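Protein chains in written order, with this note's numbering: chain A, 32 to 139; chain B, 32 to 139; chain C, 8 to 150; chain D, 59 to 414; chain E, 218 to 361; chain F, 104 to 277.
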């Protein structure tokens, strides 16, 4: 899927190296020539994969909007939605509705 | 802008080859050194561009915070806000208020 | 011990159980396969559809015997005794391959019309003394 | 590099487990495990077929028929086999007519058939010319050989002895030779005036084994060619060989297109022959035997044939490697060639007699 | 017959292999930690190992099942049973486990018994001293 | 996926079988057919491997058969190795200055063969637009630098393929 599907890869990730520079560094074609290395690619790929895992969607190769679907899935799993109209409080239970009315200051 | 404007990219995205390995595969420089390939680059930039397009933000090379703006726009479009005081759910229509209150157990 | 066919929403399918798929070692799978897969209609039969296609299987010319039953010819019938007689005959013809071998001793199948709009088939076999206890389930619905 | 069968089993099991969450197809004696194994076998067969489809893209690793097709496409032409022929000196006993198509078989089994009918009117030997039917290297024979008679004739002695043997028996080029020629053609492209062009021109002529070309030999307008024939005992050109090689480079028809190609009109080639510059090593052997004499001599000859060029300098280490390549001996210290020997382009290095 | 002669049958043997486990903050794995497979066969590590830094390490682990069943393959995923501080419940096994021999068969035992019966005495010889010195694990060259 | 559709169509047709895109038969068909999908991808990439200009698996063999590894093949860039192989396989030509200009420009350089300055045979190779930087592509390794700096690739190429009689004289311009 989103990981490298070529024949060249290791099923176990190599550990990342220790920190070397405390200041943000960048790329440069010219004045020292820079090479990517495994660490930067692994970090970016792992960030994307972990965002997908947090959203709960398994990675697939044919689809490309899985990051947007991941953001939307996190949004639904954590925050209320306009279309839902406060259904999550009810789904949770009756004490949740009691406390919601308590916070909205609706006494008997 | 965001894409390859180095006069080295094709106008039409080449098709993505089928999945080869099921497990995640990481990069390694030392028993065969791995290469990124076209599919990894295409997939990563496609995910970023798809998130940008989902948020309704047109890519622009000058700005470098468009991912944060995209996430904030997804928030403002598909979630409740603290500064709105539920206004979004009550400008929609009376049926929304009826459903919200009957959900919150506030009826006649 | 092959996979078992489980009926949900009027359509059978393989099912899981714990680690792998549910397994069956009885006549239940054999009967539910020999009864409910469409075999090739004859040249002279009139299909229930308005089309000209006859079902079957690409392996019918590789498996020494037609696969299933011709019960699909009764897709759209009215409440008349002719359809009941035809269903009885088709079930007998589909399941007679078991009686040809030694896996069953006798077959008794009857057709009836229960509560309006019901084509009821009662098929009772006679397993021999050594046959294993068959599987047991009921059709189920959800959602 | 197709995946192995165990790797295919693992891949199929991973696919099954990914598609059906919560499952573990690796369990022993289970339906998913059996399905995975069967699919792995089918995929292994398919991958082997893919590998065979590969490996024939290049002429080097291709099979026989595909190699022949590659050579035919690239323009390499085969040389057909010939047939041996010669006199027979058959002895008769009266007037008779040896009919055309009669056959004389030699002990080995090869059969030589007379071409045209011959009428004889004396009781004495008569010389007739016969040609072989085998059409191969086995056709040619020695100097005085005997040939029997497959079927008797009216009044002809069965035996027949050839005072002067047959000749002209050759073999069709093998696929290995065709592949080598194609590999040389691809490795050294034809330009029409290049150093490799001159080398291949001097090599295409019959009998020549090696050649060398020096660009800008004696100025900015001339070149130089020097060839060495290794089949012959001398292994150094003659004036006739030099003039015929010059003629061949000056003009020769191309078998493919039928037009004649050669050197440009403004250059001076002046192909010449090299001069021997022998070096005489002194190698000490612990066991002194004729087998080690032959082995060391042959190794040194091959070492020269491989890594010696006119005008080049050979390091003393080469001799050491060549003599160390032998097995039986224990010590192989060399004493004469202790310094690097160099020579001019006209001078060709050669292994002189070794003083044990 | 084997009991009388002196030949003892060989029992079933476990299977050992490498575990690639990564730690969070360089902990010390106890002497008897345990991992579990999906089928329900237990693997145990009988050793103590201290980790210096956060990274993946390979440890030799032997199965607790005597038979051939406790013998996994390539890239098999294993999980911990009892949580350990700064250890993630993940084990990859890049190299599959090896071993897993069941009890000896009748033909194998008969061959071993016949070897015992037919083998000759080996009095101290210049050749035999070489074998006796080389049989010890580690020794690779001997001279007498 | 089309391969799972093919597998489902190969499976028997009837009421007992459920071929809807959410059933266990489909979920298992995808896993069953993906292996043959990868095999078909390999067999399809063999068509690209057919030529040395785009071959990736068989670059080593295409170089060994052609005797390629030499001056005109650059340090490590797989694109340059492919270009050198694809040019050496189909390089046949004359000795003219026009052909030499075309051959030099086919490798990415730019030269013009101008008349002599001291003799008649010594033609001048005026090399324009000199650039020693080669950008790392997506095919090459992950450890290669972004730019590889190589010099003198055209010099020895032209000295190797020069006419036997003539001697070149190189001049660099900007």
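Idealized CB from N, CA, C, for every residue including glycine.
Closest Cα partner of residue i within the set the options
i, options, result
"residue 273 of chain F", "F/171, F/118, F/217", "F/217"
"residue 313 of chain D", "D/247, D/281, D/374, D/134", "D/134"
"residue 327 of chain D", "D/348, D/252, D/358", "D/252"
"residue 295 of chain E", "E/316, E/331, E/280", "E/280"
"residue 44 of chain B", "B/34, B/87, B/106, B/53", "B/34"
"residue 41 of chain A", "B/123, B/111, B/72, B/59", "B/59"
"residue 306 of chain E", "E/267, E/227, E/236, E/322", "E/236"
"residue 175 of chain D", "D/169, D/182, D/181, D/161", "D/161"
"residue 42 of chain C", "F/252, F/118, F/226", "F/118"
"residue 177 of chain F", "F/126, F/206, F/251, F/230", "F/251"
"residue 451 of chain D", "D/308, D/332, D/172", "What is shown of chain D runs 59 to 414, which leaves residue 451 of chain D out entirely."
"residue 61 of chain C", "C/108, C/142, C/45", "C/45"
"residue 202 of chain F", "F/191, F/156, F/215, F/149", "F/215"
"residue 223 of chain D", "D/385, D/210, D/203, D/192", "D/203"
"residue 37 of chain C", "C/127, C/92, C/111", "C/111"
"residue 76 of chain B", "B/62, B/55, B/51, B/36", "B/36"
"residue 117 of chain C", "C/138, C/92, C/136", "C/92"
Coarse secondary structure for residue i, derived from DSSP in three states
i, result
"residue 346 of chain E", "helix"
"residue 261 of chain E", "strand"
"residue 40 of chain A", "coil"
"residue 246 of chain D", "coil"
"residue 365 of chain D", "helix"
"residue 301 of chain D", "helix"
"residue 41 of chain C", "helix"
"residue 314 of chain D", "coil"
"residue 235 of chain E", "strand"
"residue 271 of chain D", "strand"
"residue 92 of chain C", "helix"
"residue 413 of chain D", "coil"
"residue 32 of chain A", "coil"
"residue 399 of chain D", "strand"
"residue 24 of chain C", "strand"
"residue 314 of chain E", "coil"
Chain A contact residues for residue i, given Cβ-Cβ distances below 8 Å
i, result
"residue 237 of chain E", "43"
"residue 68 of chain B", "35, 37"
Chain-ordered chain A contacts of residue i [CB-CB under 9 Å]
i, result
"residue 309 of chain E", "42, 43"
"residue 135 of chain B", "117, 120, 121, 128, 131, 132, 135, 137"
Neighbouring residues, chain D, relative to residue i (Cβ below 8 Å)
i, result
"residue 130 of chain C", "Result: empty, since nearest Cβ-Cβ is about 28 Å, beyond 8 Å."
"residue 323 of chain E", "Correct list: empty, because the minimum Cβ distance to chain D is about 24 Å."
"residue 280 of chain E", "Simply none; closest approach about 14 Å."
Supposed close pair residue i, residue j - CB separation, criterion 8 Å
i, j, result
"residue 377 of chain D", "residue 339 of chain D", "6 Å"
"residue 268 of chain F", "residue 286 of chain D", "That belief does not hold up - the Cβ atoms of residue 268 of chain F and residue 286 of chain D are roughly 23 Å apart, past 8 Å."
"residue 398 of chain D", "residue 380 of chain D", "With 8 Å as the limit, residue 398 of chain D and residue 380 of chain D do not qualify as a contact, their Cβ atoms being about 16 Å apart."
"residue 248 of chain D", "residue 195 of chain F", "6 Å"
"residue 109 of chain B", "residue 103 of chain A", "6 Å"
"residue 278 of chain F", "residue 21 of chain C", "Nothing can be reported for residue 278 of chain F, as the shown portion of chain F is limited to 104 through 277."
Chain-ordered neighbours of residue i on chain D, where CB pairs are closer than 9 Å
i, result
"residue 109 of chain F", "Ordered by position in chain D, no residue passes the 9 Å Cβ test against residue 109 of chain F, which lies about 14 Å from the chain."
Partner residues on chain D for residue i, Cβ-Cβ distance less than 7 Å
i, result
"residue 256 of chain E", "82, 85"
Contact set between residue i and chain E, taken where Cβ atoms lie within less than 8 Å
i, result
"residue 46 of chain A", "239, 271, 272, 273"
Within chain A, partners of residue i - CB distance below 7 Å
i, result
"residue 292 of chain E", "42"
"residue 250 of chain F", "60, 64"
Proximal residues of chain B, C-beta to C-beta of residue i below 7 Å
i, result
"residue 110 of chain A", "110, 111"
"residue 140 of chain F", "49"
Contact set between residue i and chain C, taken where Cβ atoms lie within less than 8 Å
i, result
"residue 121 of chain F", "18, 19, 20"
Residue i: contacting residues in chain F (beta-carbon distance under 7 Å)
i, result
"residue 75 of chain C", "117"
Touching by the beta-carbon criterion (3+ pairs, under 8 Å), the region 72 to 84 of chain C and the region 94 to 107 of chain C: These segments touch.
Validate contact between the region 251 to 260 of chain E and the region 283 to 293 of chain E using beta carbons, cut 8 Å, 3 pairs: They touch, by the three-pair rule.
Validate contact between the region 62 to 71 of chain D and the region 269 to 277 of chain E using beta carbons, cut 8 Å, 3 pairs: The region 269 to 277 of chain E and the region 62 to 71 of chain D do not touch, with fewer than three beta-carbon pairs separated by less than 8 Å.
Interface positions of the region 244 to 276 of chain F facing chain I (Cβ-Cβ less than 7 Å), listed along the chain: Among the protein chains in the structure shown, which are A, B, C, D, E and F, there is no chain I.
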